[PDB]
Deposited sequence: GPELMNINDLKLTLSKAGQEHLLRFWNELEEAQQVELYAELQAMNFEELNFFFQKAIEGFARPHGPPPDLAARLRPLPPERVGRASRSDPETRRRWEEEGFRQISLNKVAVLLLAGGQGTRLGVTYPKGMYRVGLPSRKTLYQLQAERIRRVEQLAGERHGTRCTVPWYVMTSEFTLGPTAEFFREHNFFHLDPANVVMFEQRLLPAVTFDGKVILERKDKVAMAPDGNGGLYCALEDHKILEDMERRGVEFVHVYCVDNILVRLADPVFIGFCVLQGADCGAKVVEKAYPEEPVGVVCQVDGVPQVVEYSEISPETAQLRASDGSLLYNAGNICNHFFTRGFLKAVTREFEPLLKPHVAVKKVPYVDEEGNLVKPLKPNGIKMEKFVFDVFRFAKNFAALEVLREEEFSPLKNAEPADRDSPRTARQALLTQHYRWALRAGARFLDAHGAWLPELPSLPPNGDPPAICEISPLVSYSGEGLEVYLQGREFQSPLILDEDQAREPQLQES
């Protein structure tokens, strides 16, 4: 079909919304460039936009106490046994799903293809998407044989426009990492325009609104916009482990995490790790106004993160690692009764823009903002919030920067995982060898397919009592 467009109605609307400015390149551009921008403007809603913006502006603190012992858990193979067990019992029954947050958090990755496809340089030459899928295959097998019939954890993948196409094509040509594509469900959140300090949407060039996804907290309208909580209701999925696409060490569908959050009776739970240093970029979990939720370190006043506890630990040592537990009942609650209440958070950015004659200049002081909704906002509404302190070195190593120079980089994503599996091999009966025998970047390269092991387990059969010369690669 052709290409119909009422531009009188457009200017009208835009004059009302006060955004006439978005049309000043219009008679400086060609018909294809012109059809694009229309559909895009037409897409938006400027009264709800001017609304979230207001909501944003209106979003500007001694009521904080740390988290107690009460809502915080932390190796006693008498209860870890339970959690690992009771968790596992849920997987086997199919009341566990995952949910991948692969939408476009941060930019400083190879600005082309989605984060989850990034090749950290593993000996397996594997991308993060892979490691995630194989982890789910491994968490399945472990619960199926521990219980005696096959099972599944479906894989809701939340994407945006910026990532959907590529990732779906990566899954495609990769034969869905051997996962029955019935149980991997890509979907899509909305995008929000960047706006100036005045409220005016920005053109990132002659024909394009400066778009970017609306926060991973935009999960909730995605589930609302895609009947997802029904699809979970229609499989029996009662618990969903939400997680961020960038963690190379994620315990996808962590039985200890589920089992824990259940014995706790909590409707909604989260993983945390000791904040490394006071300025570390991790939101902290603690009660403001007596109610436990998360504040991102950037909203945390600086000189408070240095307060220490009576033993000398950080008073606000509990950084959230974007790894949460949600009962499908709590999801319904917030989609059908709380998303209105989620603040869109202002992030003051340098939005490359297109001037008044068109230079496409970028920065010269931050010039606009990106409103986002954060997934952990929904904690404020929790009815019984749980939280698990988890070992950083075992399950939190984010890929944020593209530069191996920097921390949180392929180099550190790499080394973290390679180091981890090295320790599994140690604890599992295996000693390593130099170029001249002996024993003791880690001393020895070793990577272990999640297929073969998920937390370090089931390795004795392969490794115990045997010596190996670097590297040792384990897959089937």
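According to the record, no C-alpha positions are given for deposited positions 61-70, 85-87, 454-463, 500-510, numbered from 1.
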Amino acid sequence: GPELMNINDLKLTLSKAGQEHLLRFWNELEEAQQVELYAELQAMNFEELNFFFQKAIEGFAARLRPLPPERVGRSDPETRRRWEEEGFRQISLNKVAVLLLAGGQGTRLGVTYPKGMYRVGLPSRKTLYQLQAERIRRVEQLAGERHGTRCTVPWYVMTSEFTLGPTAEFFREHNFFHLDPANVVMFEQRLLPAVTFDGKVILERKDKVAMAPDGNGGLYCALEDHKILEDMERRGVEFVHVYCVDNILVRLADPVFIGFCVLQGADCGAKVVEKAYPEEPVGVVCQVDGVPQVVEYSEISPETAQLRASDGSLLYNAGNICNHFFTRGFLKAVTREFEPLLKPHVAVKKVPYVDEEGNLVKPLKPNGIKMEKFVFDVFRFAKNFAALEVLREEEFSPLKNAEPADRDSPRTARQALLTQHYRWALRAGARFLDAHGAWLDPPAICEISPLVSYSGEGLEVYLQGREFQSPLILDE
From here on, numbers count along this sequence of modelled residues.
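As listed in the deposited structure, the average C-alpha B-factor of 205-213 and of 307-315 is greater for 307-315. The PDB entry records a higher mean C-alpha B factor for 353-361 than for its counterpart among 317-325 and 353-361. Comparing the C-alpha B-factors of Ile300, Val348, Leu252, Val375 in the entry, the top value falls on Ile300.
In this structure the maximum Cα B-factor among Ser124, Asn94, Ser160, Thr335 is found at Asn94. Placement of the Cα temperature factor of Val72 within the chain: highest third of the modelled residues, per the deposited record. Per-chain ranking of the deposited C-alpha B factor places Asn247 in the lowest third.
Looking at the C-alpha B-factors along this chain, the one for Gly218 belongs to the lowest third. Placement of the Cα temperature factor of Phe88 within the chain: highest third of the modelled residues, per the deposited record.
The deposited CA B-factor of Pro181 belongs to the highest third of values across its chain.
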